[PDB]
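Architecture at a glance
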Amino acid sequence: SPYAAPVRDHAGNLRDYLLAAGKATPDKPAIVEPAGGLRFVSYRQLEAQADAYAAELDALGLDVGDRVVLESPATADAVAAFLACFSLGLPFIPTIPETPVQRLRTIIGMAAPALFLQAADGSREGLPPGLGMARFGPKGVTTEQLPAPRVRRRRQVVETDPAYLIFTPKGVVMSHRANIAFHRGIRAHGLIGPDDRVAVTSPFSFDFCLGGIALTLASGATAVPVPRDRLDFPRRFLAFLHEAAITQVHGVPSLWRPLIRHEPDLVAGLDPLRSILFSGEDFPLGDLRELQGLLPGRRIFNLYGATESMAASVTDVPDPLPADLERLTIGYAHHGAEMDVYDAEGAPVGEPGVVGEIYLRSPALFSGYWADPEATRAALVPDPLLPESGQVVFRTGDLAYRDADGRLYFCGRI
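What counts, and at which threshold
- Positions along each chain are numbered from 1 by the written sequence. They may not match the entry numbering, and residues without coordinates are not shown.
- The side-chain figures draw on all heavy atoms in the structure; neither hydrogens nor water molecules are used.
- Under the scheme used here, helices are H or I runs from DSSP no shorter than 4 residues and strands are E runs no shorter than 2 residues, and both carry numbers assigned from the N terminus.
- Think of it in three bands: with a 1.4 Å probe and only protein chains considered, a residue is buried below 20% of the maximum accessible area for its type, exposed above 50%, and partly exposed in between.
- When checking whether two residues touch, look at their non-hydrogen atoms; a contact exists if any pair is within 4.5 Å.
- Two rings belonging to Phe, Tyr or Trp (six-membered ring only in the last case) form a pair when the distance between their centres is within 6.5 Å. Interplanar angles under 30 degrees mark stacking, angles over 60 mark edge-to-face geometry, and anything in between is tilted.
- Salt bridge, as applied in this entry: a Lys or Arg side-chain nitrogen positioned within 4 Å of an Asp or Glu carboxyl oxygen.

Determination of this PDB entry was carried out by X-ray crystallography to a resolution of 2.30 Å, according to the record.

Now the structure itself:
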């Protein structure tokens with residue numbers, strides 16, 4: 001028995017990190033979804049479901065490292081499933097039913113998953129016989145086809161293990177440690193508080209969906225995935241933001257164009273909404289100004305980055321946006337990271353205004369591209385300022401210049 005009181009470490013696995021804050025509020029809603037009206041799954045319930053799923057998945061005999069394709073719209077049960085995978089050390093590839101079968105077959109050949117794990121309702125066609133197949137739903141995990149037998153060689157998942165893979169086509173491999181470092185850094189900025197209820201508009205196959213849900217949970221708040229049958233219909237989407245009393249909306253900029261154009265009075269009437277987080281797409285500034293105009297006193301955030309780090313920087317949009325302003329800054333890397341601009345010879349750009357390639361120094365970097373050491377080595381390079389250390393840095397493929405204060409401005413891809 002321990003000499004002194006153990007101090008429990010919650011940063012070793014996404015399963016632990018994402019649920020730590022919620023320990024203080026087990027009965028608070030973690031996920032909200034449509035039921036009649038709305039259904040809530042509490043922190044406590046979400047963990048119970050994660051744990052139940054994990055026990056049944058673990059009976060399949062898969063080894064730490066084995067990939068699982070997880071196909072489902074974003075729902076409370078899909079969240080329990082990805083948490084269960086995290087706990088077992090089974091990196092998953094998130095997919096949706098609408099993901100084209102040709103892409104799905106490409107994923108399966110590149111990553112060779114041992115299990116295809118779909119929703120209760122799932123009816124995916126085109127799968128290779130006999131790839132392990134299972135369903136998850138309210139009652140648990142039922143297995144239609146057992147995965148192949150194997151001998152297990154790993155004892156225990158650790159934070160350097162892969163947590164998930166996202167295919168861009170290249171397989172971005174993200175460790176626990178890296179994604180945990182991301183959430184740790186971003187929470188230092190206070191984007192989400194426990195009172196928030198966060199509408200995640202992006203589909204489950206998108207990096208931003210998992211990120212949004214993860215960060216929301218990690219921050220002890222309430223995550224509200226917006227089902228696609230609310231989201232593609234403006235009036236239905238806007239009513240949902242009221243019904244679920246949404247305080248923060250995550251989405252691409254273009255999400256808002258139809259809502260401004262067709263239903264500006266309803267947008268203006270979103271009383272519970274305090275904040276909006278965008279990413280993944282250039283926002284025409286006229287549209288943004290229009291949006292600020294309809295939603296005065298809202299905090300809007302601009303999120304720059306890529307799958308390889310989940311994200312890299314987060315920037316307040318000024319209200320009001322100056323009339324002369326032509327390009328929104330991407331600011332400084334998020335807390336715990338650093339980015340700067342480099343010339344074609346690998347030296348740091350000496351002067352403001354001069355365009356170079358963004359190199360990202362961060363604990364949140366991907367581990368590599370799956371089965372592709374040469375693409376890994378071109379993206380993850382020895383620190384150009386100190387190659388002796390062993391530290392690596394990420395060549396983003398993004399162009400940008402710096403202002404006098406050291407903030408960057410995005411200028412496109414190479």
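So much for the structure itself; the text now carries on.
Digging into the side chain of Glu357
With respect to the helices and strands, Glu357 occurs in strand 17 (residues 356–361). Residue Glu357 is classed as buried on the basis of its relative accessible area, which comes to 8%. Once residues lying within four places of it in the same chain are set aside, the contact partners of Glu357 are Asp340, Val341, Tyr342, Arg395, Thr396, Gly397, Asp398, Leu399 and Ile414.

Focus: the packing of aromatic side chains
Evaluated as defined, the whole model comprises twelve aromatic pairs. Look at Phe82 and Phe92: their rings are 5.7 Å apart centre to centre, the planes differ by 20 degrees, and that puts the pair in the stacked class. Residue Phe82 is located in helix 3 (residues 76–88), and its partner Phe92 is located in strand 4 (residues 92–95); the two are separated by ten residues in the primary sequence. We note that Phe82, like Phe92, is buried. The interplanar angle of 70 degrees and the centroid separation of 4.4 Å between the aromatic rings of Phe278 and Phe283 together place this pair among those described as edge-to-face. Take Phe283: its relative accessible area is 13%, and that puts it in the buried class. Put simply, the rings of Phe82, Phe86, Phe92, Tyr164 and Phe204 pair up and form one aromatic cluster.

Focus: the pattern of salt bridges
This model, assessed by the stated rule, comprises 21 salt bridges. One salt bridge in this structure joins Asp232 and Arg228, with 3.0 Å as the shortest N-O distance. Judged by its relative accessible area of 44%, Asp232 falls in the partly exposed class. Given the relative accessible area of 51%, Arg228 is considered exposed. When salt bridges that share partners are traced, they join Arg15, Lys23, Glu47 and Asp51 into one network.

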